[PDB]
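Report on one structure; see the data block that follows.
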Amino acid sequence: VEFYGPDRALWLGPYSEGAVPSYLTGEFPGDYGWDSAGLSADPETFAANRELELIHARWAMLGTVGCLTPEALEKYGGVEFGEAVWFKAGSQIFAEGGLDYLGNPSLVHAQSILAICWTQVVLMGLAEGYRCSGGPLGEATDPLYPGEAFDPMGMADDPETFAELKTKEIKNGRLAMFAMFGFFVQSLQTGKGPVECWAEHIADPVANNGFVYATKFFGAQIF
Amino acid sequence: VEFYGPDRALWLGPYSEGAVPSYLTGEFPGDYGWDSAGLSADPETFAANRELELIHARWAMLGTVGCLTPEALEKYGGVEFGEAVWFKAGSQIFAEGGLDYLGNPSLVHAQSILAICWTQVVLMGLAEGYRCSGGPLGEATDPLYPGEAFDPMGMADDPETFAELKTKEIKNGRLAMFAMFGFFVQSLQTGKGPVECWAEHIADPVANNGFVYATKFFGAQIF
Amino acid sequence: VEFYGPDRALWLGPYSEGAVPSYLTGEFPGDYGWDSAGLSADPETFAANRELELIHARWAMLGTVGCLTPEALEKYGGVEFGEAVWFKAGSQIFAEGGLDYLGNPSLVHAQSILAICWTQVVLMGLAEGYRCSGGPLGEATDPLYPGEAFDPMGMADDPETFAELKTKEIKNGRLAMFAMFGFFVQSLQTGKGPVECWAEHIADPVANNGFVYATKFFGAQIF
Ligand code: CHL
Ligand code: CHL
Ligand code: CHL
Ligand SMILES: CC(=C/C=C/C(C)=C/C=C/C=C(C)/C=C/C=C(\C)C=C=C1C(C)(C)C[C@H](O)C[C@@]1(C)O)/C=C/[C@@]12O[C@]1(C)C[C@@H](O)CC2(C)C
Ligand SMILES: CC1=C[C@H](O)CC(C)(C)[C@H]1/C=C/C(C)=C/C=C/C(C)=C/C=C/C=C(C)/C=C/C=C(\CO)C(=O)CC1=C(C)C[C@@H](O)CC1(C)C
Ligand SMILES: CC1=C[C@H](O)CC(C)(C)[C@H]1/C=C/C(C)=C/C=C/C(C)=C/C=C/C=C(C)/C=C/C=C(\CO)C(=O)CC1=C(C)C[C@@H](O)CC1(C)C
Ligand SMILES: CC1=C[C@H](O)CC(C)(C)[C@H]1/C=C/C(C)=C/C=C/C(C)=C/C=C/C=C(C)/C=C/C=C(\CO)C(=O)CC1=C(C)C[C@@H](O)CC1(C)C
Ligand SMILES: CC1=C[C@H](O)CC(C)(C)[C@H]1/C=C/C(C)=C/C=C/C(C)=C/C=C/C=C(C)/C=C/C=C(\CO)C(=O)CC1=C(C)C[C@@H](O)CC1(C)C
Ligand SMILES: CC1=C[C@H](O)CC(C)(C)[C@H]1/C=C/C(C)=C/C=C/C(C)=C/C=C/C=C(C)/C=C/C=C(\CO)C(=O)CC1=C(C)C[C@@H](O)CC1(C)C
Ligand SMILES: CC1=C[C@H](O)CC(C)(C)[C@H]1/C=C/C(C)=C/C=C/C(C)=C/C=C/C=C(C)/C=C/C=C(\CO)C(=O)CC1=C(C)C[C@@H](O)CC1(C)C
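Written out as structure tokens, the structure reads:
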């Protein structure tokens with residue numbers, strides 16, 4: 001009634017009349033009528049874009065927590081990681097002693113980047129092949145909402161709550177994608193992790209805003 | 001007869017027979033039949049691309065004058081700006097004494113970048129909402145040519161002259177967009193403003209061409 | 001039977017059922033059913049994309065040989081080029097003595113970058129105009145397979161062998177495009193030519209892999 005149908009919520013709010021393409025009829029989750037570039041005029045291209053958006057969104061929602069958790073644990077929990085900041089976490093594998101999980105030498109204790117890379121290649125290749133075509137966990141009936149084995153708690157057994165939860169999922173996913181783009185740009189510009197940036201903004205908001213580093217083009221002092 | 005219809009002017013000149021997509025029938029302004037990438041084969045995507053092109057073009061036409069005027073005034077008019085070149089003009093707000101207009105400390109005299117940014121956010125948000133949906137100045141009857149309040153002098157009251165003026169507008173806009181891409185690349189490469197670059201090419205054209213800085217990839221001396 | 005039709009080869013192999021768009025019916029060469037982004041849903045956009053892919057592929061097939069040949073000749077043949085590595089070959093024109101072909105001062109012996117650039121502009125403009133619309137060498141009956149003057153040996157006179165050779169061409173071209181992207185990224189990251197990189201990987205594969213330079217973002221040590 002508010003996120004589906006003709007009377008739904010739109011991206012420009014009260015100024016959305018005429019900013020909504022005719023092919024965005026509020027049928028799919030997250031339909032705020034924002035296709036100003038006309039990249040989803042074709043229904044098949046629209047479906048491909050929806051799948052890409054939802055997959056990017058779920059990956060970004062995992063990534064926000066994965067980038068905040070080690071740095072937050074180091075700053076406020078006392079855990080001594082090798083590199084808590086997310087953009088330096090990969091370089092842990094080259095450090096002496098390897099990549100210890102939670103800073104504990106008896107956990108994971110990875111030492112070879114090649115083994116990690118190729119194990120991930122194999123596992124993720126199988127996983128994405130199953131995503132596209134089905135596998136051990138079931139058949140890919142829906143490209144985005146397979147359910148069954150991926151809804152063990154049965155939170156989507158009811159169609160209206162299913163639609164509401166799809167709206168919530170796509171909205172939190174778009175927020176997390178926005179936050180991950182923010183993480184990328186903040187790492188490029190400030191050179192410090194998101195937790196450090198947040199702790200600095202709340203300390204002196206006026207003097208520690210984003211325009212302090214505005215003279216750099218994504219970290220490059222060109223001028 | 002020359003910029004509309006089947007006998008119009010095409011992008012490859014005499015070698016255009018067979019390089020013109022069938023959906024570019026010379027109906028809309030600036031139709032030189034250049035869609036080699038097939039990005040406007042969908043009519044709705046074509047309309048979205050036309051709107052994007054015209055808005056980008058009008059912004060670039062404003063930008064050409066906006067980037068040339070302060071630097072030209074400083075170089076040949078004697079006006080003492082804080083930062084005349086366009087790519088350093090933003091940094092004036094961080095300088096001591098703020099951002100004075102025309103170098104006069106009694107004009108504008110901006111001192112806070114947050115105030116500028118958020119005032120612009122509010123004003124431009126309202127302005128673009130009006131562009132999409134209409135507002136105080138009228139109704140968005142046409143996404144690109146609203147007329148009425150935006151044609152006060154009535155220069156588009158004649159359909160033939162209206163089409164000719166639309167062709168002139170789109171051509172000057174494409175030229176301005178090309179020039180602004182040039183401004184961006186020249187700022188990245190040479191590191192000096194467009195007026196300085198122009199004054200240098202006209203001094204020693206052979207020795208001060210664009211290949212002097214060809215060893216830098218958009219300013220970065222990678223190799 | 002294996003690269004055309006319904007029983008052809010697919011991009012995800014055994015996990016391709018449901019990963020193939022309905023509009024990729026295995027009619028055109030190189031149809032592995034990989035359009036996950038839905039950029040070729042429109043048939044006209046599909047044709048434009050096929051033309052772009054084949055042209056990029058032929059250019060990359062030329063480019064791989066053109067980038068490997070001078071460096072390989074310098075390393076294993078003894079030819080003394082001014083700059084054997086492909087990403088520095090352009091800067092030979094600025095060196096003292098100009099650009100000598102094969103290092104011989106009696107071959108080409110180019111001295112002006114402007115003459116090279118503008119001669120190439122004229123010649124390539126005429127050549128691409130002919131490609132689009134036909135010219136001295138024939139008429140552009142097909143955008144990608146004109147034949148006639150461009151098949152002098154008559155290797156495409158049999159439709160079955162013609163289809164097989166089209167598949168071979170598109171596959172070798174896609175491999176060459178992949179390799180040219182590899183050349184770009186390796187030049188950005190390592191800073192040395194592809195032949196040097198290959199000679200280093202085969203010397204100490206474990207210690208001279210691609211993760212040694214993983215801390216740099218396309219050559220920039222941002223962190
Ligand atoms: C009534 C006014 C209203 C306005 C003006 C907007 C406007 C917007 N909404 Mg929106 N909304 C509004 C009401 C509402 N919205 C929403 C729900 C949503 C959603 C869910 C989303 C939006 C999004 C957007 C944005 C999409 C367009 C865009 O990206 O422009 C921005 C383009 C610009 C050019 C602005 C730049 C201005 C700024 C000063 C730039 C400064 C640049 C740097 C200083 C220098 C540049 C650096 C260079 C060198 C690289 C836009 C800001 C989307 C979004 O947030 O995407 C980002 C989005 O997902 N809205 C609701 C609830 C129903 C509203 C209720 O009233
Ligand atoms: C008869 C020959 C004729 C030819 C060959 C062209 C060709 C062109 N016209 Mg055109 N026109 C011609 C006659 C006419 N035109 C027009 C009206 C127009 C218009 C309005 C427009 C064109 C545009 C174009 C360009 C579009 C394609 C392109 O972008 O290629 C360029 C692609 C290349 C790969 C060329 C690069 C060659 C160069 C040597 C590159 C060197 C690279 C660097 C040195 C190194 C690379 C750096 C790396 C590291 C990043 C192209 C140059 C469009 C344009 O200007 O866009 C740019 C455009 O808007 N034409 C008219 C009037 C009716 C003609 C009349 O006869
Ligand atoms: C059975 C398993 C099987 C799997 C899983 C694949 C999977 C793939 N095939 Mg494929 N194939 C498979 C069987 C077969 N293929 C083919 C014939 C082909 C062809 C002709 C082609 C493919 C291509 C592809 C790739 C296209 C999707 C992609 O780009 O993902 C990759 C996306 C990722 C996100 C993977 C990244 C993982 C990696 C660990 C990333 C590491 C990141 C860095 C370390 C850090 C990031 C840097 C940052 C900072 C920028 C993909 C790897 C295409 C290709 O090669 O494109 C590249 C292609 O042209 N296949 C045949 C013959 C019929 C098969 C037979 O069984
Ligand atoms: C990528 C590439 C492109 C070459 C393009 C050429 C040659 C274009 C010619 C382009 C040629 C062009 C346009 C010719 C045009 C000729 C004309 C119009 C002839 C004619 C006439 C007229 C005048 C009487 C007029 C009448 O009305 C019609 C006609 C027909 O009678 C080359 C790559 C390499 O050369 C390097 C750089 C280095 C090497 O080591 C390796 C290789 C690979 C060889
Ligand atoms: C709508 C619309 C309409 C118009 O008409 C046209 C239009 C404007 C174009 C269009 C709009 C479209 C828009 C806005 C596009 C925006 C896209 C964005 C921002 C996408 C963002 C994606 C971000 C992702 C996936 C992040 C993943 C992170 C990971 C991986 O999971 C890790 O963190 C993994 C990780 C972790 C967890 C710990 C670290 O230490 C190490 C690493 C590996 C980094
Ligand atoms: C209306 C409404 C009603 C509902 O009831 C609820 C609701 C929906 C919530 C609500 C809606 C809310 C709406 C629409 C509000 C819109 C907000 C907007 C547009 C604000 C945007 C602000 C823009 C900013 C600060 C950009 C600053 C750039 C910096 C600083 O860091 C750079 O340095 C730039 C820079 C430079 C110079 C160098 C580059 O290399 C890197 C970068 C970072 C890009
Ligand atoms: C046709 C076609 C067919 C094929 O099939 C596929 C295809 C090839 C893709 C396709 C072709 C498409 C092509 C060629 C694309 C080209 C796009 C280009 C160059 C767009 C350029 C746009 C540039 C703009 C808006 C400039 C704005 C500047 C401003 C803002 O107004 C200021 O200056 C503002 C300003 C001023 C005034 C003072 C300064 O101090 C500070 C700042 C803030 C910078
Ligand atoms: C026919 C006709 C008839 C009508 O009656 C009237 C008409 C329509 C007018 C007329 C039509 C006219 C036509 C078609 C002409 C076409 C003109 C063309 C294609 C000219 C192109 C010239 C290309 C140039 C100079 C590029 C140089 C690159 C540099 C130098 O600066 C870099 O350093 C490269 C570089 C490097 C190496 C590092 C990167 O990081 C940055 C960059 C800058 C990219
Ligand atoms: C399929 C698909 C489905 C999804 O749904 C969406 C999707 C994922 C997007 C989509 C996938 C598409 C993909 C993977 C895109 C990839 C594109 C790539 C890698 C294109 C690469 C092209 C590279 C080229 C032309 C190289 C030419 C080199 C030259 C010039 O000939 C020289 O070397 C010239 C040269 C030589 C020879 C000597 C040197 O000294 C000097 C220079 C001038 C450099
Ligand atoms: C199944 C099958 C059956 C048929 O019968 C035959 C068949 C078809 C052949 C066969 C099919 C084969 C298949 C599917 C295999 C698939 C293989 C894959 C996915 C390989 C992936 C490996 C990924 C790698 C190494 C990435 C490493 C990144 C580096 C290292 O250099 C960076 O430093 C990353 C980096 C960083 C950190 C900074 C950036 O600035 C620059 C870069 C380089 C991006």
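Taken in order, these protein sequences are the chains called B, A and C. Numbering-wise, the first sequence is residues 1 to 223 according to the entry's author numbering. Numbering-wise, the second sequence is residues 1 to 223 according to the entry's author numbering. Numbering-wise, the third sequence is residues 1 to 223 according to the entry's author numbering. All C-beta atoms, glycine included, are put in the ideal place defined by N, C-alpha and C.
Proximity test, Cβ basis, 7 angstroms: residue i and chain C
i, result
"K88(B)", "yes"
"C132(B)", "yes"
"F211(A)", "yes"
Neighbour list for residue i in chain B, Cβ cutoff strictly below 9 angstroms
i, result
"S91(A)", "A214, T215, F223"
"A48(A)", "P21, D35, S36, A37, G38, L39, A41"
"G129(A)", "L12, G13, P14, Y15, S16, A19"
Contact set for residue i: own chain, Cβ-Cβ below 8 angstroms, skip 5 residues either direction
i, result
"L165(B)", "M155, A156"
"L39(A)", "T45, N49"
"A72(B)", "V195"
Endpoints, the alpha helix (DSSP H) within which residue i is located
i, result
"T161(C)", "159-189"
"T64(B)", "43-77"
"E128(B)", "113-133"
"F87(B)", "86-89"
"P194(A)", "194-201"
Beta-carbon neighbours of residue i, restricted to chain A and to distances below 8 angstroms
i, result
"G63(B)", "Ordered by position in chain A, no residue passes the 8 angstroms Cβ test against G63(B), which lies about 28 angstroms from the chain."
Proximal residues of chain A, C-beta to C-beta of residue i below 7 angstroms
i, result
"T45(C)", "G38, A41"
Residues near residue i in its chain [Cβ-Cβ closer than 7 angstroms; skip 5 each side]
i, result
"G30(A)", "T167, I170, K171, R174"
"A89(A)", "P70, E83"
"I55(A)", "none"
"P146(B)", "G138, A140"
"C132(A)", "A140"
"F211(B)", "none"
Minimum Cβ-Cβ distance from residue i to chain B less than 7 angstroms
i, result
"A149(A)", "no"
Neighbouring residues, chain B, relative to residue i (Cβ below 8 angstroms)
i, result
"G219(A)", "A220, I222"
"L52(A)", "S36, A37"
Any C-beta of chain A under 7 angstroms from that of residue i
i, result
"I113(C)", "yes"
"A199(C)", "no"
Contact set between residue i and chain C, taken where Cβ atoms lie within less than 8 angstroms
i, result
"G191(B)", "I222, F223"
Closer than 7 angstroms at the beta carbon, the chain B residues around residue i
i, result
"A140(A)", "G18"
Beta-carbon neighbours of residue i, restricted to chain C and to distances below 7 angstroms
i, result
"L188(B)", "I222"
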